[PDB]
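Listed next as structure tokens is one chain, alone, in the form deposited in one PDB entry.
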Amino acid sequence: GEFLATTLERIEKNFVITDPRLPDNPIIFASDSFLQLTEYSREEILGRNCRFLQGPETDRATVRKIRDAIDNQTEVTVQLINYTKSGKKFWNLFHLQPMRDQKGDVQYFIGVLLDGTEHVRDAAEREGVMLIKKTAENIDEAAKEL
């Protein structure tokens, strides 16, 4: 297949990296785990905005929260239902944050997905947010010199 994984894309988390300096903030890196979760090949999602994950049951109020975080160049953590290539639904405890360069400018966005079978609360929410925020901090490290 085209676009074999880089070293970074074999990290064992579901994540993407987008480039907001390109039109429509497209995916430029996507982990192996993300591509199995979502059942796409890497080549058919590179260069596309992540909105292909959305479908009829995806709450548009929650999508707007992501949109507004991107516009304000800030982080957000939300839960929403997303869809795979084959149409299967999954809950996504999702964390976005910008990655800044050495001048503080936003260079990339990082998105980390914790897939589940239900909306989580309380301890499962806390532990999931702990994991996706630690993961985002790790990808900030991993992506800084790309």
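Don't overthink the numbering: it's just position in the shown sequence, from 1.
Although not depicted, the form deposited with a partner chain bound is the subject of the following passage.
Between 117 to 125, 55 to 63, 103 to 111, 85 to 93, the stretch whose residues reach within 4.5 angstroms of its partner chain in the entry with it bound through a non-hydrogen atom is 103 to 111. Taking the partner from elsewhere, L22 is found to have a heavy atom lying within 4.5 Å of its partner chain in the entry with it bound.
For the chain shown alone, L37 is not a contact residue for its partner chain in the entry with it bound, no non-hydrogen atom being within 4.5 angstroms. Its partner chain in the entry with it bound is not approached by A136, whose heavy atoms all lie more than 4.5 angstroms from it.
For the chain shown alone, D68 is not a contact residue for its partner chain in the entry with it bound, no non-hydrogen atom being within 4.5 angstroms.
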